[PDB]
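The chain below stands alone and is given as structure tokens, in the form deposited in one PDB entry.
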């Protein structure tokens, strides 16, 4: 009943089981079953056989939860049908090389099924595997099972140690469950249930203190403009008319107005009179505007540097082309925004890794453009104690009518819970919502519409343990399990 081909096919099923645990489905027990399969199917196999089981397990997970990038390739790349499919398969195969490396190293150094393998060696080795997947070649740390516990019992662990710590606990509990199920021993099962029920009383603790006196009315415009690679005439006039006519009635009623990523589809240097006239009108009616735009700035080398920029206008933030109250994108998308090859004979420019928060009407907002919100370590480093709200703008017009924007929206909720700060997410047509300090959704408008999300938000001024330390304590605990497990395997 173990021809390994059965384990290869079962790894495909247990791998795709994890996709059913994210935002479009919200079934967090699917993560435990997905990890138990990867933990169990790697028992008593060759280092190369276990590596193939891990590679096949990762191929089923990424083949189901990442395939939504095909339409993104079927829109920007222009390649034929079969070529776009091969690029998605090669992406899923590359992302599966890390999970196969995890099961390969776990079997080469721990061939036997011991409680140290599944509860000590597996979680420690899993943190190093997922790190390399989300760091190598400007990594893609997508589909992390810690993002599923945003609404579950283990939510109280994120503000203490981070989302990557929940990934450490899920592998430890599922390892004990897979061990207790094969050996038919009730002892690891009880330890697993205990270690899983312990983090529950942590969700009823609030490291933040809301300030109802500083409650303000915020508005976020959802433009829902059609996508066209060609910059035509009139498209800018129609886009500017749509965003203004939805913003003009808000002035004098909402203090903070937010436009999504690259709302002004023109260069910043070309819309100087449009921004000057809009800044002066906002200052008169007592309001501010935070909008995304593309900035083509001249370097002192007399060269042009293109940035994916966030600019501020209005009261408390007078607009100026040389103002430092802006935000430039740091970590860029590998293919869509730059070219990985340095010399081959259109590329954007990266911003600073740490940028000061945006100030509008005295409100501090640490910005993160689109993909940057899923990087919990970088967001915490940019985070500051005086930050009132977390700001995230994105253009999820790509991969529409898919599970992509939901997985992206779910990872953004974790940043609010990690830092105990409200999240302001404004999109062109994606998931425009307001997330509370505990990851709770306070407001949300539907997708694919041209509406305006207007609600009231209250700032907090807490300091979670993760905000002070970050993933730094997790690597300490990871090194302790790693050194103890390797020394135990080398204790021969």
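Positions refer to the first chain, counted from 1. Whichever C-alpha set is largest while still superposing within 1.5 Å between the two forms counts as the rigid core.
In the deposited entry, the stretch joining residue 345 to residue 346 is interrupted by 10 or more residues of the deposited sequence lacking coordinates. In this entry, the higher average B-factor at the C-alpha atoms falls on 394-402, of the pair 256-264 and 394-402. Here the stretch with the larger average CA B-factor, out of 42-50 and 420-428, is 42-50.
Based on the entry's C-alpha B-factors, the most elevated value among 251, 277, 172, 365 belongs to 172. Ranking 409, 243, 353, 338 by the C-alpha B-factor listed in the PDB entry places 338 at the top. Per-chain ranking of the deposited C-alpha B factor places residue 200 in the highest third. In this PDB entry, the Cα temperature factor of residue 142 sits in the middle third of its chain's modelled residues.
When the modelled residues of the chain are ordered by their C-alpha B factor, residue 135 lands in the lowest third.
When the modelled residues of the chain are ordered by their C-alpha B factor, residue 83 lands in the highest third.
Per the deposited record, the Cα B-factor of residue 69 falls in the lowest third when ranked against the other modelled residues of its chain.
Although not depicted, the form deposited in another entry is the subject of the following passage.
Among the residues 76, 244, 200, 94, the single one whose Cα moves by at least 2 Å between the shown form and the other one, once the core is superposed, is 76. Positional change of residue 273 between the shown form and the other one stays under 2 Å at the C-alpha, relative to the superposed core. Here residue 186 does not count as shifted, since its C-alpha moves by less than 2 Å between the shown form and the other one after the core is aligned. Once both forms are fitted on their rigid core, the CA atom of residue 353 lies less than 2 Å apart between the shown form and the other one.
In the other entry, the CA atoms of residue 405 and residue 230 draw together by 3 angstroms or more relative to this form. Compared with the form shown here, the Cα atoms of residue 337 and residue 229 move at least 3 Å farther apart in the other entry.
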